[PDB]
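Report on the structure given below.
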Ligand SMILES: *[C@@H]1O[C@H](CO)[C@@H](O[C@@H]2O[C@H](CO)[C@@H](O[C@@H]3O[C@H](CO)[C@@H](O)[C@H](O[C@H]4O[C@H](CO)[C@@H](O)[C@H](O)[C@@H]4O)[C@@H]3O)[C@H](O)[C@H]2NC(C)=O)[C@H](O)[C@H]1NC(C)=O
Ligand SMILES: *[C@@H]1O[C@H](CO)[C@@H](O[C@@H]2O[C@H](CO)[C@@H](O[C@@H]3O[C@H](CO)[C@@H](O)[C@H](O)[C@@H]3O)[C@H](O)[C@H]2NC(C)=O)[C@H](O)[C@H]1NC(C)=O
Ligand SMILES: *[C@@H]1O[C@H](CO)[C@@H](O[C@@H]2O[C@H](CO)[C@@H](O)[C@H](O)[C@H]2NC(C)=O)[C@H](O)[C@H]1NC(C)=O
Ligand SMILES: *[C@@H]1O[C@H](CO)[C@@H](O)[C@H](O)[C@H]1NC(C)=O
Ligand SMILES: *[C@@H]1O[C@H](CO)[C@@H](O)[C@H](O)[C@H]1NC(C)=O
Ligand SMILES: *[C@@H]1O[C@H](CO)[C@@H](O)[C@H](O)[C@H]1NC(C)=O
Ligand SMILES: *[C@@H]1O[C@H](CO)[C@@H](O)[C@H](O)[C@H]1NC(C)=O
Ligand SMILES: *[C@@H]1O[C@H](CO)[C@@H](O)[C@H](O)[C@H]1NC(C)=O
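Protein chains in written order, with the authors' numbering: chain L, 2 to 30, 30A to 30D, 31 to 106; chain K, 2 to 30, 30A to 30D, 31 to 106; chain C, 4 to 321, 337 to 355, 361 to 451, 459 to 490; chain B, 3 to 323, 337 to 493; chain A, 3 to 321, 338 to 354, 361 to 494; chain J, 1 to 52, 52A, 53 to 82, 82A to 82C, 83 to 112; chain H, 1 to 52, 52A, 53 to 82, 82A to 82C, 83 to 111.
The following block contains the structure:
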């Protein structure tokens, strides 16, 4: 399985939403439950996950991060957008064994 | 509900079978039970129930009074008629709440 | 002289050695009297089903409208002539288990789990009425159930959820209607391949209508099987049906209790305030045995099949015989120059009065022992329950009879042994029971000898 | 005069709380230990001997048990442990154990043609309904109570048969559903693959659907037949309708309900008797309260206790086989050696002896009445998914058995102690009466024996015995 | 020659039916009320501690019970009250309590690969059958004893897998049936819409079909898995024919039957010891007939009686009067305080017979392990509870009544045996002694201490010691 | 033996009010409904409504809403129907009948109301 | 709570074997897996493999198998990595992460193996 993030690079303005989409060769949904996680990696720092199961925010996260989509298509939009979260974003699938990560995408103010 | 009847007037000689047709706008049999009644009314007297459930004969009513039919087709057959049978005949449905009656038919000798 | 009391009493007792013995006193332990009168227990009036049974009461039978206001009760009463239940032919699935659960509950609250006007917009609720469930002249239907037919030729798949926020268990009841013809199935629920799915978080059953030609019961060739389930607090039950669903109109928030039960009785209901209640009639008694009826509610004496359980308190009413002349004491001291009593035997009398308390307390009281109901496919378990009840009843009957017989024998040996001991103490002579004295013994001397300390060598 | 208690030569041993077993003169063995070992008639009705057939094969009319087709009435039902021939076609007799429990109560029935073969089914092929598994006389056969229906000329019309119970008694109707191993076999037997069996009544409603799958061979058959039953009430109607896979009923049994019947699993032979009680080991008859032969009994039988020896004490303890009894003086229970110059004979105190014997007989009669003649308590078989209920029934039976064993043993010990002390107290008070008859006119041997200073003749001493003699009559101090 | 009975400074008090709280010289307590809380080994075989898992989790192979799949033999099964791992995927274990009862009598099994994962289903899928509900170590997993088969590359051919029980013992086969929440999920796992599962043996026959419906979430899953089981007799064949929805067997258990085992719920700790009785509260090493520790027992154990005190009166009462001068035997005579040895030995032998008979009468209770029922078996559960409570009341009453009867009998025995000794001593010689009235009859003629020997042995001659009192 | 007595003949000017009386005998008055049906020449028999005695629950035909109001007196076993603001269009003969499931078996003698 | 500590950055000659130690504190070491992932510059993170401490199971990715060899020491509460035959292509930052069902959490510090 392979994950593809679109767009590769995107520019955003403060307070306006930035939509990031992930595409998979095979559907990552098994028995209704969908395995897809969204990570953000500030440079020089470990990637930090935002959404697990593609819709459920983890504890201790701002509400601007949001997850949606199922099957092959998934999307990530943050409303609004702050100056802090200018890091690279990753979508990772947990369905197949290799646990492939997405290509990554750049989010710039 | 609307419950029509035919003929408006019936002219049957003594000793001749008399058939009266009552038709319904909507089916009056719910769950395999036909809610249909047959009355006779001497002038100036309350109607008397003759056939209930469109086929069952009332107690105290002779075997001459017989009816049948189901759904939207109902017939009451009188044989052999007598001088006492000259009365206005009513068909009534009990399936709908308005419990609407029929028009009433005059049977002569 | 030394002897034993004999009164005019004629209460008879039985023992192992001989039967039908006569003693001066007795204390019955078998209460064989019933008020014949239903009374409230612990100040809570019962629930009288009357002409209905539990199925008719819970389903909402049209002839049980007096029970729709019932909230609390001490014990359910259904008369033997109770046939208003399940007006539409069909079988209540796990009916007896439902009665078992209902015996535990002490009160509930009937509420609209799915309000009839609000819950079903796409289904047609006014149509469903049957002549089998006839109230007054007009035909009617169960008050707690709702019969949903197709609205305008369509029966879209309904999916209704309820979240048990009542904080207590909720008894949900529904039904699956099995018509008699495929034409009826299409005329009521347009989908012929209908199904009913009722899935809770611990209940999961799917039902399918079975159209067949059947003998007419109550004028109906169709059948309606009724089902039930208990919804735990904070749980969701989902009703999904494509047809043949008798939806739950009302449910019950069960407040569980203990000591209540279901009794079938004929006794009329009036006002009392008792602690025990058999179907024959409410009773109270401090006696630890009753033969009125095995089925009891509340604090009741043990049930034995015997007809007479009489302890022995008095001495042999009929060597010295009975002292008819002295009624003052169980024991006498006749004086030549009336019988008197001694303080050394009141302790023995108190010991016997303690002994009767000991035997009555060693028979722990029986609690609610309502009978169980079984269907025609549970004759093995029904006979096992019958064997268990009859074996325990026989064992406790035998235990009661042994206890009374051995106790009467032991206490009669007591009434002889204490008399002989008193004879020895008086000694410490005519063998009939009197004491001839060579020396002149005045009434003061007689009292001194009654004290037991007499200087016999003084006379010499 | 010497007064004491009789001793006998008998060496019977009893049990008491004092000792583990001691010798007495007389006893009554409350525990019956003998069984005839032959099955026998119970109140004039010979039982039903299923032989090699079990209940299932007999009801279905298995080809082997042809002798049971004529049977009408029975006192009880006997199935030998080696009997194994029932449900010749492999399958599952649904609620078979409930059917056995139902048949326990019935006292007789009438096997009648509920649906005659030659009239009920004109549009179906009743001729071929035989299989090799139900083989009889070296030929392919079937049950004699069921009919295996099949398509008639490549067609199986929707069947519909109704029976109205006009026998006045509940009727046991048995049928079956066939599950072919392969769909092609279903088509070859019945026209339509989506077949169903619908059996309905006023109190019975059940729809059966054949399930086709490959199966391990049992008795050479890769198919399965499920056999069902129902109890049609009098005046009721049962409707059999089936588009396929119906083993239609042929004979039904109008059950006559009875009581006191039961099923036993004995292996003993049969012989003509007439007994009020019966156990699988053999017919017994005894008025004793207890028996250890077998827990399963039919009719009025003694109680069952595991105890090996159990007997009341109806005989005073004897020193030979107030120290000691008198060995050769068998005249009475309570005797006295009357010594005199005229004669030195012996006689028994009649009134005390009769009082003792009537008291002891009253006690043993109370013991026998306390126990209740155990009604027919036969075992019940259970499914392989009913080990909980089976173990509960086993625990109940074991507990009641243990409780009654303990009760019987404790009653034996307690009554033995009481009657021993009763005999001793009787001797003591007899001696009390003896020395109350005369005082200071006679010296004391002890041990209940007396000798007189003055010479008192045999008639004088007889007057002494009844208490009509007075001390001041003789004033011989020495 | 004063004849009495021995007394001691013992606080042992007992009850009689006539009166309660009477002090006695010696008593034997037949109710054992102590226990070491540790769960010791029964007959040298360690138990099986389910720990965090119930029977369903242990047998299905729950991922969190991986230390229990090495089990081969045990004496009994211990499931703690906190044993809540079982059936990680939501659903119903069909006839689960029946399986518990079957497992109670099992003494050991050999868990084995009934259908090897790598060679049983080549035309199916075995890898992607994992759930978030059965997660182990923070990753999706599944039961270690079952295999969730899904379609292999968009196809789910009808499977027909057979096993022949050549193990020589009954084999416990467990499988499951999956009911997906939506028809698209069923299509995505098992391409066939109208799937079924058929499991047929010589004794067993059952067909299962999926039931797709909307269900409330339990453990995050809106689907359901139903778990079944069957006991395969030796030399028998079991055939699985599934078109879909089959959680195929992977490991089965060749059952070796036993006796005396059972399943208990205990809150105790496993510690190295050996015992012949093991209640959930602790082990028992006692020969006492009755115990009140706990009704549920394993092995040979005393009878359980709800009472709290059960003491037989071995020794006579203590306070004629009680004299401590005689110490050799229970009964003696005061000679200027010499205890006897004949009557006291006879009474001791009799009382030992009494007490051993009481112990003999009560057969030791065997393995009375409780049973479990579901929410549709309230009637069977109530009947079982009624049976248990009835037997408990019956045996408590029998024990208490026998203790009271034996107490009264023993007190009568001793209080009459002292009188019997007095009576025989006074029967040795008559009119040669004067009874003062306190149980002491002393001769009108003075004797040396040796003159008491003629009364001690019994042989007395009145004429040789006949004089004039006045 | 069940009988349903009715009042006599009454007449009022248009715009008046009339309390038509029905008296039921021989059975529990509250047990069965009491149906009201209107008959006019050339128009047949028309159902006015129903009232369950004692319970107080009642139903009305839509065309008679407000025109007809039902009340019951279970003490006297009498059922009363009220017509408010009579008009010349509402002159007929009124019956009180005991319903059965399929039809009304027992009726009353009937009362006729005029508008002059 | 839970902290993952890696070895410091280190450079090593090509063709040799480098050991990378991951320190797990605050939880039972054998309870959870340890996922090894490397982030090449200009490329997405690639899952190397995963090792459960107690069981010793190691699920190597097909691409990175043989190149890496996971080992763990329960006594030290760490799990190591064995990269042999290093190359500038193999050079990247490496991460040990404690996985949850849908994705790894608590990640780690990171370590570079520049060649
Ligand atoms: C609440 O209970 C009451 C009774 O306490 C119950 O009323 C009963 O209804 C049944 C069903 O209609 C009646 O039984 C019928 O009675 C009529 C009139 O006598 C008979 O004609 C019927 O006979 C037919 O069926 C028989 C077979 O059963 C045939 O043999 C016969 O030829 C007929 O075909 C049938 O017996 C019963 O009489 C009444 N009883 C009373 C006292 O009214 C009521 O229905 C219950 N209510 C609810 C809501 O369930
Ligand atoms: C009546 O009872 C007899 C005896 O119980 C039945 O005969 C038994 O029939 C079965 C099946 O036909 C035999 O089983 C077979 O055994 C052979 C080995 O001998 C095996 O290779 C086969 O696969 C099969 O299992 C069984 O041996 C045989 N027993 C005897 C003693 O003959 C008979 O079938 C019963 N008839 C009816 C109608 O119930
Ligand atoms: C169907 O019925 C016929 C007779 O009604 C059975 O008998 C066979 O009939 C055919 C055609 O008449 C003959 O060729 C055969 O020789 C007859 N005997 C046998 C044993 O086949 C026939 O067996 C029945 N078949 C089924 C499947 O029930
Ligand atoms: C004792 O009296 C009762 C009641 O009068 C009687 O039933 C019984 O037969 C009597 N017993 C004897 C032994 O006479
Ligand atoms: C429901 O069914 C009845 C038939 O009795 C019909 O009159 C009504 O219009 C239907 N629809 C609603 C919304 O009640
Ligand atoms: C309870 O017993 C007492 C004493 O006999 C009696 O007076 C009272 O009436 C009984 N209780 C009731 C509710 O009758
Ligand atoms: C263990 O569980 C039992 C069960 O009720 C409880 O009584 C006991 O207190 C528990 N032990 C501890 C240490 O909590
Ligand atoms: C039980 O206790 C006795 C006490 O002496 C001891 O000898 C015996 O070894 C113990 N047995 C076990 C199994 O603990």
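The beta carbon of each residue, even a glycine, is placed where N, CA and C say it ideally should be.
Which residues in the same chain as residue i place their Cβ atom closer than 7 Å to its Cβ, once the five residues preceding and following it in sequence are excluded?
| i | result |
| --- | --- |
| residue 68(K) | 28 and 30 |
| residue 122(A) | 163 |
| residue 128(A) | 119, 149 and 151 |
Assuming contact is defined by CB atoms lying nearer than 9 Å, are residue i and residue j in contact in what I supplied?
| i | j | result |
| --- | --- | --- |
| residue 32(B) | residue 290(B) | yes |
| residue 76(J) | residue 24(J) | yes |
| residue 250(A) | residue 117(A) | yes |
Using a cut-off of 7 Å between C-beta atoms, extract the partners of residue i located in chain B.
| i | result |
| --- | --- |
| residue 100(A) | 400, 402 and 403 |
List the residues that DSSP assigns as beta-bridge partners of residue i.
| i | result |
| --- | --- |
| residue 281(C) | 284(C) |
| residue 262(A) | DSSP lists no partner for residue 262(A). |
| residue 319(C) | 26(C) |
| residue 314(C) | 30(C) |
| residue 165(B) | 240(B) |
Starting from residue i, find everything on chain B with Cβ-Cβ shorter than 9 Å and list it in chain order.
| i | result |
| --- | --- |
| residue 97(A) | 400 |
Taking C-beta pairs closer than 7 Å, name the residues in chain C that residue i reaches, listed in chain order.
| i | result |
| --- | --- |
| residue 32(J) | 139 and 140 |
Show which residues of chain L have a CB atom less than 7 Å away from the CB atom of residue i.
| i | result |
| --- | --- |
| residue 48(A) | Those do not exist, as residue 48(A) stays about 39 Å from chain L at its closest Cβ, beyond 7 Å. |
Cβ closer than 9 Å: which chain L residues qualify as neighbours of residue i?
| i | result |
| --- | --- |
| residue 359(A) | Inspection of chain A shows residue 354 followed directly by residue 361; residue 359(A) is thus not represented. |
Just to make sure I have the definition right: I need the residues of chain C whose C-beta is within less than 9 Å of the C-beta of residue i. Which are they?
| i | result |
| --- | --- |
| residue 407(A) | 395, 404, 407, 408 and 411 |
In chain order, each alpha helix (DSSP H) run of at least 4 residues that lies wholly inside the segment 421-488 of chain A: Segments of the alpha helix (DSSP H) lying fully in the segment 421-488 of chain A: 477-481.
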